[PDB]
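One-letter residues, chain by chain:
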Amino acid sequence: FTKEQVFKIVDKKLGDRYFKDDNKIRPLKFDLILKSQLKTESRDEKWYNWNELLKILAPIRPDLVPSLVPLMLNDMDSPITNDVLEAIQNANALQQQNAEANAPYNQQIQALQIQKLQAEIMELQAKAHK
Amino acid sequence: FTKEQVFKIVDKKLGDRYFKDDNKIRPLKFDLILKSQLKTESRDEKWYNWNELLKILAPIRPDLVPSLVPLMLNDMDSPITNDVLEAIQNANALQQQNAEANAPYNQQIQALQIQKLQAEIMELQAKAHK
Amino acid sequence: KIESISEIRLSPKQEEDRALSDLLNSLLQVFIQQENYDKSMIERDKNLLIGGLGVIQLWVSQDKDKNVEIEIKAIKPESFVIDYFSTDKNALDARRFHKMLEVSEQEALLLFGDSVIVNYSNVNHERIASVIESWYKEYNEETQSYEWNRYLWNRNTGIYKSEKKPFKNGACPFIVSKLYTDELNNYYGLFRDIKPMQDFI
Amino acid sequence: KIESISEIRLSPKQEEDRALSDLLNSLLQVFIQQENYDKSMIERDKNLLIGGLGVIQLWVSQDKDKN
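Residues numbered from 1 in each chain as written, not as in the entry; some residues may be left out. Chains lettered and ligands numbered in written order. Part of a larger assembly, values for the part shown. Heavy atoms only, no water. Residues with missing side-chain atoms left out of burial classes, pairs and counts.

- As recorded in the PDB entry, chain D goes by Portal protein and comes from Helicobacter phage KHP30.
- Listed in the archive, the entry goes by the title "Tail structure of Helicobacter pylori bacteriophage KHP30".

- By the naming in the PDB entry, chain C goes by Portal protein and is assigned to Helicobacter phage KHP30.

1. Overview of the pattern of salt bridges
- The final tally for this structure, using the stated rule, is 27 salt bridges over all chains.
- Residues B:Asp77 and A:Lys35 are paired through a salt bridge, measuring 2.6 Å at the closest nitrogen-oxygen approach. Taken as a pair, B:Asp77 in the loop between helix 4 (69-73) and helix 5 (81-129) and A:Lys35 in strand 1 (residues 32-38) lie in two separate chains rather than in one.
- Look at B:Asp77 and you get buried, because its relative accessible area is 12%.
- Residue A:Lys35 is classed as buried on the basis of its relative accessible area of 18%.
- Here C:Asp45 and C:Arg44 are joined by a salt bridge, their closest N and O atoms 2.8 Å apart.
- Sharing partners across several salt bridges, the network here consists of A:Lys35, A:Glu45, B:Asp44, B:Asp77 and C:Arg9. (Salt bridge = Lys/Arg side-chain N within 4 Å of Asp/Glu carboxyl O. Helix = DSSP H or I, 4+ residues; strand = E, 2+ residues; numbered from the N terminus. Buried < 20%, exposed > 50% of the residue type's maximum accessible area, 1.4 Å probe, protein only.)

2. Side note on the side chain of C:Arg18
- In this fold, C:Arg18 is placed in helix 1 (residues 18-27).
- Buried and unpaired, C:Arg18 has no salt bridge, with C:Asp22 as the nearest side chain of opposite charge at 5.1 Å.
- If we ignore the near neighbours within four places in the chain, the residues touching C:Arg18 are B:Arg43, B:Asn74, B:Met76, B:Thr81, B:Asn82, B:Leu85, C:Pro12 and C:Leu23. (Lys, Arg positive; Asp, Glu negative; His and termini not counted. Contact = heavy atoms within 4.5 Å.)

3. Remarks on the packing of aromatic side chains
Residues and elements named next belong to chain C.
- According to the stated counting rule, one finds 18 aromatic pairs over all chains in the structure shown.
- With 5.2 Å between their ring centres and 75 degrees between their planes, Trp59 and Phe167 make a pair best called edge-to-face. Taken together, the residues span a long stretch of sequence, with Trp59 in strand 2 (residues 53-59) and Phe167 in the loop between strand 8 (158-164) and strand 9 (174-178) at a distance of 108 residues.
- Judged by its relative accessible area of 26%, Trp59 falls in the partly exposed class.
- Note on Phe167: relative accessible area 21%, which makes it partly exposed.
- With centroids separated by 5.5 Å and ring planes inclined at 20 degrees, the aromatic side chains of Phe97 and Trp148 adopt a geometry described as stacked. (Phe/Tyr/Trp six-rings, centres within 6.5 Å; stacked < 30°, edge-to-face > 60°.)

4. What to know about the interface of chain A and chain B
- Each partner contributes residues to the interface: chain A has 29 residues there, and chain B has 40 residues.
- For the pair chain A and chain B, the summed buried surface comes to about 3000 Å²; carbon and sulfur atoms form 70% of the total.
- For the chain A face of the interface with chain B, the top three residues by lost area are A:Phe30, A:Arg61 and A:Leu124, together amounting to 19%.
- Remark: the boundary between chain A and chain B carries five salt bridges. (Buried area = accessible area lost by both parts, 1.4 Å probe.)

5. Focus: the relation of the copies chain A and chain B
- Overlay of chain A on chain B (RMSD 0.0 Å): rotation 30 degrees, translation along the axis 0.0 Å.
- Interface overlap between copies: only 3% of the residues of chain A at the interface are likewise at the interface in chain B, consistent with a contact formed by different surfaces. (Least-squares fit on C-alpha atoms.)

6. Observations concerning helix 5 (residues 81-129) of chain A
- Between its terminal C-alpha atoms helix 5 of chain A stretches 70 Å, which fits the 72 Å expected from 49 residues at 1.5 Å a residue.
- If you look at helix 5 of chain A, its biggest bend is around 40 degrees, right at A:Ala103, and the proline A:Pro104 turns up within four residues after that.
- A:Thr81, A:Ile114, A:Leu117, A:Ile121, A:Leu124 and A:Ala128 are the residues of helix 5 of chain A that are buried.
- Summarising the contacts, the buried residues of helix 5 of chain A are in contact with helix 4 (69-73) of chain A together with helix 5 of chain B. (Expected span 1.5 Å × (residues − 1). Bend = angle between axes of the 7 residues up to and from the residue.)

7. Digging into the sheet that holds strand 3 (residues 71-75) of chain C
Residues and elements named next belong to chain C.
- In spatial order, the strands read 3-2-9; together these three strands make up an open sheet with antiparallel pairing. Looking along the sheet, the strands with just one partner apiece sit at the ends: strand 3 and strand 9. Each adjacent strand pair in this sheet contributes to an overall mean axis angle of 20 degrees, direction not counted.
- Two elements, strand 2 and strand 3, share five bridges in a ladder whose sense is antiparallel. Among the inter-strand pairings, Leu58 is bridged to a residue of strand 3, identified as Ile72.
- Sitting on the sheet, helix 3 (residues 36-50) is in contact with strand 2, strand 3 and strand 9, with an inclination near 25 degrees to strand 3. (Pairing = 2+ DSSP bridges. Axes fitted to C-alpha atoms, helices over the stretch in contact; angles between N-to-C directions.)

Encoded structure:
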């Protein structure tokens, strides 16, 4: 298998993780372990592994869970996948748009509270001086 | 087994924990105990041990649990593992980026509260003096 | 066995081998989900259950557009001769494998050119030919390793085509396994122990 | 016996032997997951059950690349 033959079969990330070479797959002797399993397609196996991993990681570490669901939904063999992915992209675009639209008000409130807490310093120091 | 033969088979940490020598594995007589078990692959056995350990350590000491899940997920034989690990790295990078971005405001609030509580000292001392 | 068809996934030994293994498990899927895989596996299991032999060959054919593919074909075990010196199952200490093939005329023209003489038959009108393909394990003298060489030949005609190390590694394309090897070096199968019950029935 | 194939894991006697044992359990996996292991064990059990003998030999072959 040549390098362009490999990159026509596998994804870009799977190709880029192995080739950091000399344009050839060079496995060593003590590198691979052969494990038998049932013959299933790769996206279905990845979907089942994603499902059990999200059902395992839910009580022990919840904040890791909502960052995994686009990576879970990218590995779905459903025909609705191309709609769900652009729905996720539109929701993330709307969320970051609202965040960057409301951020000047937040930094204004932050600076104004800082100025209020400094005004309390100079007020109490002037009262102590007088 | 030579040292380079050993380091081609085992991980870097497993090699570094044993060789602090004379470039040879030298086990003593009263060092090892032979225990029979079912023939299973090492990552599956480590995955089951990680699962039972996280289900044991959950009520007795919870703060140890979220520091173990990257070490648990590194020992997973699933094909989604290379995605979950970079998702963990991106989440940790974003978390430490937000923390180091918000930390000047936190230390500003700390110093300002310290100055307010000192201004109360000088205010009450000036009132007592007058 | 049809619904419990077993595939082989690869797991990393070290932590750095994972980017290799998750690559290769993605590259074995074009070997898994091809059309010939299930046919060859079910033919293999039928040959292992009825008789004792299971023979599956692999090929590295590359058609026109730089597309290397791993074909898989289950071989009929009666048209397959193993070296008599190999005693164990899986036929690992075997020095030669012979397969006796029927070959049509134009497939024999495509298999080797018209410069060498072919001993055809005249069975009805079509000029078929009986060709024995032998795979021999011989160690080289330049390197000190064993390589497999292919000889397409006919009895009482000579050698049609002789190629040495035709796979870039010297690997035999055949994978053989014998169920129930016994004394006198035969394969016993599931047929012989249930045959007298069928005869009495 | 085919599905209950037994492997042997190593446990430390003292606390300092663990870095040895977890090393050696990682080095026995290339002896465990080789192709000849299950064949030799099932041939061993068949010879121990049909007859009385079970004979298994080991070798330390090193082919070409310091392996």
